[PDB]
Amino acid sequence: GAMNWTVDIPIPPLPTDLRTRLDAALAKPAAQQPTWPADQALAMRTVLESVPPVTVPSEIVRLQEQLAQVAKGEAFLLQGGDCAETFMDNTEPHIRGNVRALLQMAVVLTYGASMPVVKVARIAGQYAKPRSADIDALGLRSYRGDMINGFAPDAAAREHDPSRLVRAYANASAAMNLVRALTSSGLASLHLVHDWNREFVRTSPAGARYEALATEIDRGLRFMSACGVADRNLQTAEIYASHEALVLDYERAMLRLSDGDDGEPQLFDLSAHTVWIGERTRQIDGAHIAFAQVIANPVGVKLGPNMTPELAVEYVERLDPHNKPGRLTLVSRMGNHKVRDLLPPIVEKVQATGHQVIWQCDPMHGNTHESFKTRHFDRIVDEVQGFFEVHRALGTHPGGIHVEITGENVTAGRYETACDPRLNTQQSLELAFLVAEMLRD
(Lines of atoms letter the chains of each structure in order from A and count residues from 1; the text may use other names and numbers.)
(Lines give C-alpha, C1' and ligand atoms only; values in the text may rest on other atoms or scores of the structure.)
Protein backbone atom coordinates (compact mmCIF):
# COMPACT_ATOMS: atom_id res chain seq x y z
CA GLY A 1 0.00 0.00 0.00
CA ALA A 2 2.65 2.45 -1.19
CA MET A 3 0.50 5.62 -1.00
CA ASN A 4 -2.06 4.11 -3.46
CA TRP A 5 -4.40 1.09 -3.94
CA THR A 6 -3.36 -1.48 -6.48
CA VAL A 7 -6.05 -3.34 -8.51
CA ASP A 8 -4.95 -6.16 -10.80
CA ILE A 9 -5.92 -6.79 -14.46
CA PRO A 10 -8.27 -9.70 -15.09
CA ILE A 11 -5.74 -12.29 -16.38
CA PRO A 12 -19.15 -14.47 -23.80
CA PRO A 13 -18.93 -12.83 -27.27
CA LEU A 14 -21.00 -10.10 -28.89
CA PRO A 15 -23.50 -10.90 -31.58
CA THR A 16 -21.64 -10.37 -34.84
CA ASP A 17 -23.96 -7.48 -35.81
CA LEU A 18 -23.41 -5.38 -32.70
CA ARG A 19 -19.65 -6.03 -32.82
CA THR A 20 -19.41 -4.72 -36.34
CA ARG A 21 -21.53 -1.67 -35.59
CA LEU A 22 -19.74 -0.79 -32.39
CA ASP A 23 -16.41 -1.18 -34.20
CA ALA A 24 -17.52 0.90 -37.16
CA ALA A 25 -18.64 3.62 -34.72
CA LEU A 26 -15.39 3.82 -32.82
CA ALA A 27 -13.42 3.73 -36.07
CA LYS A 28 -14.90 7.15 -36.86
CA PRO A 29 -12.95 10.26 -35.83
CA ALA A 30 -13.52 11.33 -32.22
CA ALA A 31 -13.20 14.84 -30.82
CA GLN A 32 -11.87 15.78 -27.40
CA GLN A 33 -10.61 12.37 -26.38
CA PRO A 34 -7.64 12.00 -23.98
CA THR A 35 -4.15 11.44 -25.33
CA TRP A 36 -2.87 8.58 -23.23
CA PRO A 37 -1.48 5.36 -24.73
CA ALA A 38 -3.87 2.70 -26.06
CA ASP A 39 -1.84 -0.13 -24.56
CA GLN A 40 -2.71 1.31 -21.13
CA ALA A 41 -6.21 2.34 -21.93
CA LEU A 42 -6.75 -1.27 -23.11
CA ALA A 43 -5.76 -2.53 -19.69
CA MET A 44 -8.12 -0.19 -17.81
CA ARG A 45 -10.93 -1.10 -20.17
CA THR A 46 -10.36 -4.74 -19.42
CA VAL A 47 -10.66 -4.16 -15.65
CA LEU A 48 -13.77 -2.10 -16.17
CA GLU A 49 -15.26 -4.47 -18.73
CA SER A 50 -16.24 -6.90 -15.98
CA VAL A 51 -17.01 -4.68 -13.00
CA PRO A 52 -20.48 -4.28 -11.43
CA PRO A 53 -22.56 -1.83 -13.50
CA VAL A 54 -23.65 1.50 -12.20
CA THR A 55 -27.17 1.06 -13.60
CA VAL A 56 -29.22 -1.83 -15.04
CA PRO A 57 -31.21 -2.17 -18.27
CA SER A 58 -34.54 -2.54 -16.51
CA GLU A 59 -34.12 0.95 -14.97
CA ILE A 60 -33.02 2.37 -18.31
CA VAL A 61 -36.13 0.95 -20.01
CA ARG A 62 -38.32 2.33 -17.22
CA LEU A 63 -36.67 5.69 -17.74
CA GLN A 64 -37.37 5.39 -21.41
CA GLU A 65 -41.09 5.09 -20.69
CA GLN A 66 -41.15 7.96 -18.26
CA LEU A 67 -39.29 10.14 -20.79
CA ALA A 68 -41.95 9.40 -23.41
CA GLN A 69 -44.63 10.85 -21.15
CA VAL A 70 -42.36 13.84 -20.92
CA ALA A 71 -41.84 13.90 -24.66
CA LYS A 72 -45.54 13.53 -25.24
CA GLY A 73 -46.09 16.56 -23.04
CA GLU A 74 -47.55 14.88 -20.02
CA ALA A 75 -44.51 15.10 -17.81
CA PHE A 76 -41.54 17.38 -17.22
CA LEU A 77 -37.79 16.86 -17.23
CA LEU A 78 -35.62 18.17 -14.46
CA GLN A 79 -32.01 17.38 -15.13
CA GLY A 80 -29.45 18.90 -12.80
CA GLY A 81 -26.52 18.53 -10.46
CA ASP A 82 -22.83 19.39 -10.25
CA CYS A 83 -21.16 21.17 -13.11
CA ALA A 84 -18.23 18.80 -12.65
CA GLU A 85 -18.02 15.95 -10.12
CA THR A 86 -14.64 15.86 -8.44
CA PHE A 87 -13.09 12.84 -6.77
CA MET A 88 -12.30 15.13 -3.82
CA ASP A 89 -15.90 16.11 -3.14
CA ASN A 90 -17.24 12.60 -3.70
CA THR A 91 -18.45 12.70 -0.12
CA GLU A 92 -21.61 11.86 1.77
CA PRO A 93 -22.50 15.47 2.51
CA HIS A 94 -21.87 16.64 -1.03
CA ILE A 95 -23.98 13.88 -2.53
CA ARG A 96 -26.72 14.41 0.01
CA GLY A 97 -26.43 18.09 -0.90
CA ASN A 98 -27.18 17.77 -4.56
CA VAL A 99 -30.02 15.33 -3.95
CA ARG A 100 -31.68 17.53 -1.37
CA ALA A 101 -31.12 20.34 -3.90
CA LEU A 102 -32.52 18.40 -6.83
CA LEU A 103 -35.61 17.17 -4.93
CA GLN A 104 -36.53 20.60 -3.65
CA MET A 105 -36.67 21.73 -7.28
CA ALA A 106 -38.81 18.75 -8.09
CA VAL A 107 -41.67 19.42 -5.66
CA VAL A 108 -41.99 23.05 -6.72
CA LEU A 109 -41.73 22.27 -10.41
CA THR A 110 -44.12 19.32 -10.04
CA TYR A 111 -46.69 21.58 -8.39
CA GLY A 112 -46.02 24.10 -11.10
CA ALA A 113 -46.40 21.85 -14.12
CA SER A 114 -49.25 20.01 -12.47
CA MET A 115 -47.68 16.83 -13.86
CA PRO A 116 -44.82 14.43 -12.90
CA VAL A 117 -41.22 15.62 -13.07
CA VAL A 118 -38.47 13.24 -14.08
CA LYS A 119 -35.41 13.60 -11.87
CA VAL A 120 -32.06 13.20 -13.60
CA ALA A 121 -29.02 14.26 -11.66
CA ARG A 122 -25.69 15.07 -13.15
CA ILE A 123 -23.88 12.52 -11.00
CA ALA A 124 -22.12 9.13 -10.79
CA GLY A 125 -19.75 9.86 -13.64
CA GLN A 126 -19.75 13.54 -14.62
CA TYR A 127 -15.97 13.43 -14.45
CA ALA A 128 -14.85 14.51 -17.92
CA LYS A 129 -15.41 17.86 -19.59
CA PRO A 130 -14.37 19.21 -23.00
CA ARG A 131 -12.22 22.26 -23.65
CA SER A 132 -11.55 24.53 -26.60
CA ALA A 133 -7.88 25.35 -26.10
CA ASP A 134 -5.47 22.54 -25.16
CA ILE A 135 -3.29 25.03 -23.23
CA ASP A 136 -5.05 27.18 -20.67
CA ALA A 137 -4.72 30.62 -19.08
CA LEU A 138 -1.68 29.69 -16.98
CA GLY A 139 0.31 27.95 -19.73
CA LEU A 140 -0.63 24.42 -18.60
CA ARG A 141 -2.39 21.58 -20.38
CA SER A 142 -6.10 22.23 -19.74
CA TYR A 143 -7.88 20.42 -16.93
CA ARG A 144 -10.35 18.04 -18.49
CA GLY A 145 -12.02 16.50 -15.42
CA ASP A 146 -10.73 14.05 -12.81
CA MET A 147 -11.35 11.13 -15.18
CA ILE A 148 -8.54 12.48 -17.47
CA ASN A 149 -6.17 14.69 -15.46
CA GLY A 150 -5.98 16.76 -12.24
CA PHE A 151 -7.12 20.22 -11.15
CA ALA A 152 -3.83 21.01 -9.42
CA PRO A 153 -2.10 23.76 -11.41
CA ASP A 154 1.09 21.92 -12.40
CA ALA A 155 2.17 19.99 -15.50
CA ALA A 156 2.69 16.87 -13.45
CA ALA A 157 -0.96 16.63 -12.40
CA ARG A 158 -2.18 17.51 -15.92
CA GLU A 159 -0.58 14.52 -17.57
CA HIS A 160 -3.41 12.39 -18.94
CA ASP A 161 -3.59 9.27 -16.75
CA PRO A 162 -5.37 6.03 -17.76
CA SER A 163 -5.65 4.92 -14.15
CA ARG A 164 -8.24 7.68 -13.73
CA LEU A 165 -10.68 5.54 -15.77
CA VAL A 166 -10.93 3.01 -12.95
CA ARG A 167 -10.76 5.64 -10.19
CA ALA A 168 -13.67 7.32 -11.99
CA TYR A 169 -15.79 4.16 -11.82
CA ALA A 170 -14.95 3.39 -8.19
CA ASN A 171 -16.16 6.82 -7.21
CA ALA A 172 -19.16 6.78 -9.53
CA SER A 173 -20.50 3.47 -8.30
CA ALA A 174 -20.00 4.53 -4.73
CA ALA A 175 -21.84 7.76 -5.25
CA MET A 176 -24.57 5.82 -6.99
CA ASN A 177 -24.98 3.48 -4.07
CA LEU A 178 -25.63 6.39 -1.73
CA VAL A 179 -28.13 7.99 -4.08
CA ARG A 180 -30.02 4.70 -4.15
CA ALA A 181 -29.79 4.56 -0.37
CA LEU A 182 -30.89 8.14 0.01
CA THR A 183 -33.85 8.18 -2.34
CA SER A 184 -35.27 5.02 -0.82
CA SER A 185 -34.76 6.27 2.75
CA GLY A 186 -36.95 9.04 4.25
CA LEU A 187 -34.60 11.55 2.67
CA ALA A 188 -37.07 11.61 -0.19
CA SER A 189 -40.33 11.89 1.71
CA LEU A 190 -42.36 14.53 0.00
CA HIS A 191 -42.92 16.59 3.14
CA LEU A 192 -39.53 16.28 4.75
CA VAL A 193 -38.44 17.87 1.46
CA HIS A 194 -40.94 20.75 1.48
CA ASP A 195 -40.00 21.59 5.04
CA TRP A 196 -36.69 22.74 3.55
CA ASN A 197 -38.43 24.93 1.00
CA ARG A 198 -40.49 26.69 3.69
CA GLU A 199 -37.21 27.00 5.62
CA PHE A 200 -35.48 28.64 2.66
CA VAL A 201 -38.55 30.87 2.31
CA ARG A 202 -38.32 32.30 5.85
CA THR A 203 -34.52 32.66 5.94
CA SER A 204 -34.07 33.89 2.36
CA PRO A 205 -33.76 37.65 2.04
CA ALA A 206 -35.46 37.23 -1.36
CA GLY A 207 -38.18 34.87 -0.05
CA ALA A 208 -41.12 37.29 0.08
CA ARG A 209 -41.73 36.49 -3.55
CA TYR A 210 -42.25 32.81 -3.08
CA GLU A 211 -43.86 32.96 0.35
CA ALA A 212 -47.00 32.82 -1.82
CA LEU A 213 -46.41 29.69 -3.85
CA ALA A 214 -44.51 27.89 -1.11
CA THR A 215 -47.66 28.20 1.02
CA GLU A 216 -50.02 27.06 -1.73
CA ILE A 217 -47.81 24.02 -2.26
CA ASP A 218 -47.85 23.15 1.42
CA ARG A 219 -51.61 23.24 1.24
CA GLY A 220 -51.54 20.93 -1.75
CA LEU A 221 -49.47 18.61 0.36
CA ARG A 222 -51.53 18.77 3.52
CA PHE A 223 -54.60 18.39 1.30
CA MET A 224 -53.46 15.07 -0.13
CA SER A 225 -52.69 13.87 3.36
CA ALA A 226 -56.26 14.95 4.14
CA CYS A 227 -57.81 12.92 1.36
CA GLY A 228 -56.24 9.91 3.03
CA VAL A 229 -53.09 9.28 1.05
CA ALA A 230 -50.17 7.78 3.03
CA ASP A 231 -46.58 8.16 1.83
CA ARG A 232 -47.02 4.36 1.57
CA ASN A 233 -45.15 6.95 -3.18
CA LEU A 234 -46.92 7.03 -3.16
CA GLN A 235 -44.32 5.95 -5.71
CA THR A 236 -40.87 5.37 -4.30
CA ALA A 237 -38.69 8.31 -5.35
CA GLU A 238 -36.39 7.82 -8.35
CA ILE A 239 -33.29 9.76 -9.32
CA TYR A 240 -31.61 8.67 -12.53
CA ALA A 241 -27.90 9.14 -13.26
CA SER A 242 -26.31 10.86 -16.27
CA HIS A 243 -23.26 12.52 -17.65
CA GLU A 244 -21.76 13.80 -20.93
CA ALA A 245 -20.65 10.79 -22.92
CA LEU A 246 -17.25 12.17 -23.71
CA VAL A 247 -14.54 9.66 -22.86
CA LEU A 248 -15.21 6.81 -25.30
CA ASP A 249 -12.64 4.65 -23.63
CA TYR A 250 -14.73 4.79 -20.43
CA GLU A 251 -18.14 4.72 -22.08
CA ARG A 252 -17.46 1.62 -24.16
CA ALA A 253 -15.92 -0.32 -21.28
CA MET A 254 -19.22 0.03 -19.46
CA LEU A 255 -21.32 -1.31 -22.30
CA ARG A 256 -23.27 -4.43 -21.44
CA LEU A 257 -25.62 -6.53 -23.60
CA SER A 258 -29.36 -7.09 -22.75
CA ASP A 259 -30.74 -10.63 -22.16
CA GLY A 260 -33.92 -10.99 -24.31
CA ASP A 261 -37.19 -10.16 -22.48
CA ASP A 262 -37.33 -6.79 -24.36
CA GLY A 263 -37.36 -7.78 -28.03
CA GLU A 264 -33.81 -8.69 -29.10
CA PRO A 265 -30.44 -8.40 -27.41
CA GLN A 266 -28.83 -4.96 -27.53
CA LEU A 267 -26.11 -2.84 -26.11
CA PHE A 268 -26.66 -0.72 -23.04
CA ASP A 269 -24.26 1.84 -21.61
CA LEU A 270 -24.46 1.04 -17.90
CA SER A 271 -22.22 3.91 -16.74
CA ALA A 272 -25.52 5.73 -16.29
CA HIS A 273 -29.22 5.77 -17.24
CA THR A 274 -29.17 8.63 -19.77
CA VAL A 275 -26.16 10.39 -21.36
CA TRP A 276 -25.89 13.32 -23.75
CA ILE A 277 -23.41 14.60 -26.28
CA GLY A 278 -21.77 17.98 -26.08
CA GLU A 279 -21.65 20.92 -28.49
CA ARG A 280 -17.94 20.26 -29.17
CA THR A 281 -18.26 16.51 -29.91
CA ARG A 282 -21.53 16.16 -31.87
CA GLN A 283 -19.97 15.94 -35.31
CA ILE A 284 -22.81 14.36 -37.33
CA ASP A 285 -20.63 11.65 -38.75
CA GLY A 286 -18.65 11.63 -35.48
CA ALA A 287 -17.85 8.65 -33.21
CA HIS A 288 -19.91 10.08 -30.36
CA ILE A 289 -23.10 10.31 -32.45
CA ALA A 290 -22.32 6.85 -33.87
CA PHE A 291 -21.91 5.54 -30.35
CA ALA A 292 -25.19 7.18 -29.46
CA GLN A 293 -26.88 5.13 -32.22
CA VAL A 294 -25.46 1.84 -30.93
CA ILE A 295 -26.58 2.01 -27.31
CA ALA A 296 -30.20 1.65 -26.20
CA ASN A 297 -30.11 4.47 -23.61
CA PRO A 298 -32.08 7.65 -23.90
CA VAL A 299 -29.68 10.25 -25.27
CA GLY A 300 -29.72 14.03 -25.36
CA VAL A 301 -27.82 16.26 -27.81
CA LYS A 302 -26.78 19.89 -27.13
CA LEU A 303 -27.73 22.47 -29.78
CA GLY A 304 -25.81 25.72 -30.10
CA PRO A 305 -26.49 28.98 -31.90
CA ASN A 306 -24.98 27.78 -35.14
CA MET A 307 -27.51 24.92 -35.23
CA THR A 308 -29.67 24.71 -38.39
CA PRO A 309 -33.15 23.24 -38.64
CA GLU A 310 -31.80 20.95 -41.37
CA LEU A 311 -29.00 19.57 -39.18
CA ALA A 312 -31.21 19.37 -36.12
CA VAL A 313 -33.52 17.15 -38.23
CA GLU A 314 -30.56 14.97 -39.21
CA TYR A 315 -29.83 14.31 -35.56
CA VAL A 316 -33.46 13.46 -34.94
CA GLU A 317 -33.46 10.86 -37.73
CA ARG A 318 -30.15 9.18 -36.87
CA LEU A 319 -30.57 9.14 -33.12
CA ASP A 320 -34.31 8.26 -33.26
CA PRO A 321 -34.67 6.02 -36.30
CA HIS A 322 -37.56 3.99 -35.00
CA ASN A 323 -39.67 6.89 -33.75
CA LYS A 324 -39.70 6.09 -30.01
CA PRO A 325 -40.85 9.25 -28.31
CA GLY A 326 -38.34 10.23 -25.61
CA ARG A 327 -35.30 8.32 -26.79
CA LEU A 328 -33.91 11.66 -28.06
CA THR A 329 -33.72 14.95 -26.18
CA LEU A 330 -32.75 18.12 -27.96
CA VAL A 331 -31.07 20.42 -25.47
CA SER A 332 -31.15 24.10 -26.34
CA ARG A 333 -28.28 26.35 -25.29
CA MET A 334 -28.68 29.45 -27.45
CA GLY A 335 -28.36 32.32 -24.96
CA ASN A 336 -31.27 34.51 -23.85
CA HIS A 337 -30.56 37.23 -26.41
CA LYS A 338 -30.69 34.72 -29.32
CA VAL A 339 -32.91 31.92 -28.06
CA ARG A 340 -36.13 33.62 -29.20
CA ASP A 341 -35.08 34.13 -32.79
CA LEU A 342 -33.00 30.99 -33.24
CA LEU A 343 -35.15 28.24 -31.67
CA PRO A 344 -38.59 28.60 -33.28
CA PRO A 345 -37.48 27.73 -36.81
CA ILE A 346 -35.64 24.71 -35.42
CA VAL A 347 -38.70 23.54 -33.60
CA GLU A 348 -41.05 23.73 -36.59
CA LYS A 349 -38.86 21.77 -39.01
CA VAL A 350 -38.39 19.13 -36.28
CA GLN A 351 -42.03 18.73 -35.23
CA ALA A 352 -42.73 18.47 -38.93
CA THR A 353 -40.79 15.18 -39.07
CA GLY A 354 -43.47 13.45 -37.01
CA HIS A 355 -40.93 12.49 -34.37
CA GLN A 356 -41.48 13.60 -30.78
CA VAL A 357 -38.33 14.74 -29.01
CA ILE A 358 -38.08 16.32 -25.57
CA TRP A 359 -37.32 20.03 -25.79
CA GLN A 360 -35.04 20.64 -22.80
CA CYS A 361 -33.68 24.07 -22.08
CA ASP A 362 -30.04 24.60 -21.18
CA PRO A 363 -29.84 28.24 -19.96
CA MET A 364 -26.38 27.83 -18.55
CA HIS A 365 -23.93 27.01 -21.29
CA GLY A 366 -25.27 29.77 -23.48
CA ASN A 367 -24.76 32.73 -21.23
CA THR A 368 -21.23 33.77 -20.12
CA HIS A 369 -19.92 37.40 -19.98
CA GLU A 370 -16.57 36.42 -18.34
CA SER A 371 -16.71 38.96 -15.43
CA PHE A 372 -13.15 33.82 -13.15
CA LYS A 373 -16.13 33.15 -15.49
CA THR A 374 -19.21 35.09 -14.30
CA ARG A 375 -22.82 34.16 -15.16
CA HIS A 376 -25.59 36.61 -14.25
CA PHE A 377 -28.77 35.08 -12.86
CA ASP A 378 -31.20 37.33 -14.68
CA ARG A 379 -29.68 36.17 -17.98
CA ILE A 380 -30.29 32.49 -17.09
CA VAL A 381 -33.93 33.03 -16.12
CA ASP A 382 -34.35 35.10 -19.25
CA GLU A 383 -33.37 32.23 -21.50
CA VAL A 384 -35.75 29.76 -19.89
CA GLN A 385 -38.40 32.48 -20.20
CA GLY A 386 -37.81 32.86 -23.92
CA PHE A 387 -37.52 29.13 -24.26
CA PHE A 388 -41.10 28.84 -22.93
CA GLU A 389 -42.25 31.79 -25.06
CA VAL A 390 -41.17 29.95 -28.16
CA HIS A 391 -43.06 26.68 -27.37
CA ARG A 392 -46.17 28.51 -26.20
CA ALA A 393 -46.38 30.30 -29.52
CA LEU A 394 -45.86 27.21 -31.74
CA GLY A 395 -48.05 25.18 -29.38
CA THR A 396 -45.43 22.56 -28.59
CA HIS A 397 -44.27 21.32 -25.20
CA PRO A 398 -41.44 22.94 -23.23
CA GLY A 399 -40.06 19.57 -22.22
CA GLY A 400 -37.71 20.31 -19.34
CA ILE A 401 -34.53 22.03 -18.15
CA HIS A 402 -30.82 21.30 -17.62
CA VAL A 403 -29.23 23.24 -14.78
CA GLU A 404 -25.72 23.17 -13.26
CA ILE A 405 -26.00 23.66 -9.44
CA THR A 406 -24.66 22.50 -6.01
CA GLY A 407 -25.47 21.92 -2.26
CA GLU A 408 -22.82 24.10 -0.58
CA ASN A 409 -23.82 27.76 -1.05
CA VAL A 410 -21.19 29.27 -3.42
CA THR A 411 -20.68 33.02 -4.10
CA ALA A 412 -13.39 36.45 -4.75
CA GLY A 413 -14.90 34.92 -1.57
CA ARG A 414 -16.49 31.54 -2.36
CA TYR A 415 -15.24 30.03 -5.61
CA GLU A 416 -15.29 26.28 -4.77
CA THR A 417 -16.18 24.62 -8.13
CA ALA A 418 -13.56 22.78 -10.23
CA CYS A 419 -15.05 24.51 -13.27
CA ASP A 420 -17.64 27.30 -13.60
CA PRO A 421 -19.65 29.54 -11.22
CA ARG A 422 -23.19 28.36 -11.80
CA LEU A 423 -26.23 28.66 -9.61
CA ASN A 424 -25.80 27.96 -5.93
CA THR A 425 -28.21 25.78 -3.96
CA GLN A 426 -30.24 28.90 -3.29
CA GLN A 427 -30.36 30.37 -6.79
CA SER A 428 -31.38 27.06 -8.28
CA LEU A 429 -34.25 26.64 -5.88
CA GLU A 430 -35.16 30.25 -6.61
CA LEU A 431 -34.94 29.43 -10.29
CA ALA A 432 -37.28 26.49 -9.67
CA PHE A 433 -39.85 28.90 -8.32
CA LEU A 434 -39.58 31.36 -11.21
CA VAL A 435 -39.83 28.47 -13.67
CA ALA A 436 -42.79 27.10 -11.72
CA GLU A 437 -44.68 30.34 -12.47
CA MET A 438 -43.85 29.93 -16.15
CA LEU A 439 -45.55 26.55 -16.12
CA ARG A 440 -48.62 28.12 -14.50
CA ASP A 441 -49.29 30.65 -17.31
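Think of the rigid core as the biggest set of C-alphas that the two forms share within 1.5 Å after superposition. All residue numbers are counted from 1 along the displayed sequence.
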**Report entry** Farther-lying stretch by C-alpha RMS in 8 other deposited structures of this protein, rigid core as reference, of 236-244 and 324-332
**Finding:** 236-244
Query raised in the report: Comparing 251-259 with 79-87, which has C-alphas lying farther from the shown form in 8 other deposited structures of this protein once the core is aligned?
Result: 251-259
**Report entry** Residues of the deposited sequence that sit between residue 412 and residue 411 yet are not modelled
**Finding:** 10 or more
Query raised in the report: Counting only residues of the deposited sequence, how many between residue 203 and residue 204 have no atoms in the entry (none, 1 to 3, 4 to 9, 10 or more)?
Result: none
Query raised in the report: Taking the recorded C-alpha temperature factors, which stretch has the higher mean, 372-380 or 392-400?
Result: 372-380
Report task. May I ask you to compare 321-329 and 73-81 by their mean CA B factor in the entry and name the higher one? Result -> 321-329
Query - Candidate residues 102, 303, 245, 190, the one whose C-alpha B factor the record puts highest - result: 190
Report summary line: One of 40, 406, 33, 64 has the largest Cα B-factor in the entry, namely 406
Report task. Consider only the C-alpha atoms of the modelled residues in this chain, order them by B-factor as the entry records it, and name the third containing residue 360: lowest, middle or highest. Result -> lowest
Report summary line: Temperature factor at the Cα of residue 162, chain-ranked in thirds, falls in the lowest
Requested in this report: Would you mind ranking residue 418 by its C-alpha B-factor against the rest of the chain and naming the third, lowest, middle or highest?
Outcome: highest
Report summary line: residue 143: C-alpha B-factor third of its chain, per the entry, is the middle
Query raised in the report: Relative to the other modelled residues in the chain, which third contains the C-alpha temperature factor of residue 185: lowest, middle or highest?
Result: highest
